[PDB]
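Next up is one chain by itself, shown in structure tokens, the form solved without ligand SAH.
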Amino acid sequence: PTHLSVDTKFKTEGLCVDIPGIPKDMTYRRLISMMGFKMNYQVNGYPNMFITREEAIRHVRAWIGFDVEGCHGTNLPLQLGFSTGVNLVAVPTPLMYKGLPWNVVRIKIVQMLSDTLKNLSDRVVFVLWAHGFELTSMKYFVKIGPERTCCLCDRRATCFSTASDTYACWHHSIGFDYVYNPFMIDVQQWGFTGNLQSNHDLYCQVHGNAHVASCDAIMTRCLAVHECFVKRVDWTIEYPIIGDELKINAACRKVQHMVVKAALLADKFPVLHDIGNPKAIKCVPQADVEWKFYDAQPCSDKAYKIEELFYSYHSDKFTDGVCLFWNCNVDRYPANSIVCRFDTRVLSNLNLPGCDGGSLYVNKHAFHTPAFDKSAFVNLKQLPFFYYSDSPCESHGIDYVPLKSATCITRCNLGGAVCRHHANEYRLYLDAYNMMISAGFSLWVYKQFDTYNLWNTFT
């Protein structure tokens, strides 16, 4: 059972207000036919327009909430809402666009999905809370058929042009008018009691209902994200590389080793409490320190309460030494900490919008992270940039412009002039640091941290 069967039953109760007298007994096959699409028995890689929850989770980057609200059904004009915040009005003659015919509306839809998804995914998945109009309106902007490749590249086709009779991916679809072979999933098929707002509002206060179609489209995708990534967590699903994932993860490993090595040299803590990943290894394996591990998985709902991680009866004394919280999101960190906390507000192709202020960070695996809260770090300060190194000054083996910096903490810089080796290593580390910061990670440290205490290790 790879794909969803077209002979699977579809509960049509949520459709009977827009579609009165709809058969209670309904399959995907009959629904697709009712929507105006002919599948003609096609074993060409597109078995069903509707997909399973497991396939939807594998393609979370393609999710676009979609909702259609009648303003007045081929007689009345429809308001099309997308989780991008766009509202288009179609006439059959929170960005609100005036009533325009379908032939020009469909052009805007391909432009919008292409610009939203070209750097995210090879497809679109319309996430629905289906009442009728969104499915019946799909025939005015969707064309289906066999799986195809782009006319200008090797990616799968996601768009079609009537003007040129050709197919394109999101990167080459300029001027295309049809959405080609889209995917869709109805959240209402998952078994919920009550309307969209009542289910969404149970888990989210950040999205409201200004009573437009895009509001519902946003609430739909947020409810889907809550169900598939907040309450249900599967860390065994891998995701393709769509950006700087390899560089960001290597930058995070270098920064961690650096920052923890220097805190241990500067303040010589006798014990380090490493709270987080149950699979974590010592990031500074040569340190003298008593390294103690505490397991806590990444929290996806709310950030951990420090009282429930530390108390209820390890050294038991977390107040001795330093606490390391590398991506272990808590409500309020203790004052003796080193913290890497992902900032959910960051705008990037890896960070997708989430539930209740949180975000879905997709790098190798999907991690719904709770909302970034500035008050979590009141007992700490922002960790300032510095590069520290005790390694010998020796070139071995790119050209050179002499490096002058107050934050290159090395024997050569103490001695008055940074050597070539430490200058290459400084600029490589600064690049990894800027990568890590721009990916959304924020660094914080105990208030007594001072890089001035690092020069004394050059005696």
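Throughout, we count residues from 1 along the sequence that is shown.
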Our gap detector needs a label for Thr93 to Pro94. Which class matches the unmodelled residues of the deposited sequence there: none, 1 to 3, 4 to 9, or 10 or more? 10 or more
Unmodelled stretch of the deposited sequence separating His72 from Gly73, binned as none, 1 to 3, 4 to 9 or 10 or more: 4 to 9
What stretch has the higher average Cα B-factor here, 151 to 159 or 220 to 228? 151 to 159
Segment of higher mean CA temperature factor, 362 to 370 or 204 to 212: 204 to 212
From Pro182, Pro77, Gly85, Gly354, pick the one with the largest CA B-factor in the entry? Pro77
Considering only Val401, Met49, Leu31, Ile64, which residue's Cα atom bears the greatest B-factor as recorded? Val401
By its CA B factor, does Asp288 count among the lowest, middle or highest third of the modelled residues in the chain? highest
Using the temperature factors of the C-alpha atoms in this entry, rank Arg332 within its chain: lowest, middle or highest third. middle
Split the chain's modelled residues into thirds by Cα B-factor; is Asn103 in the lowest, middle or highest one? middle
Binned into thirds over the chain's modelled residues, the C-alpha B-factor of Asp186 lands in the lowest
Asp234: CA temperature factor from the record, placed by chain third, in the highest
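Missing here is the form deposited with ligand SAH bound; even so, the following discussion is about that form.
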So, ligand SAH superimposed from where it sits in the deposited bound form: by the 2.4 Å backbone or C-beta clash rule, 3 or more atoms, this site is blocked
For this chain shown on its own, do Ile275, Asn327 and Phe367 all sit within 4.5 Å of ligand SAH in the deposited bound form, going by heavy atoms? yes
Assert contact residue (ligand SAH, in the deposited bound form, non-hydrogen atom within 4.5 Å, options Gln111, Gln256, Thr166, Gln189) equals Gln256
Answer for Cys151 alone: is it within 4.5 Å of ligand SAH in the deposited bound form, judged on heavy atom distances? no
Going by a heavy atom distance of 4.5 Å, is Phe310 a contact of ligand SAH in the deposited bound form? yes
Partner contact for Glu147 in the deposited bound form: ligand SAH, 4.5 angstroms, heavy atom: no
When the contact criterion is heavy atoms within 4.5 Å, does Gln297 count as touching ligand SAH in the deposited bound form? yes
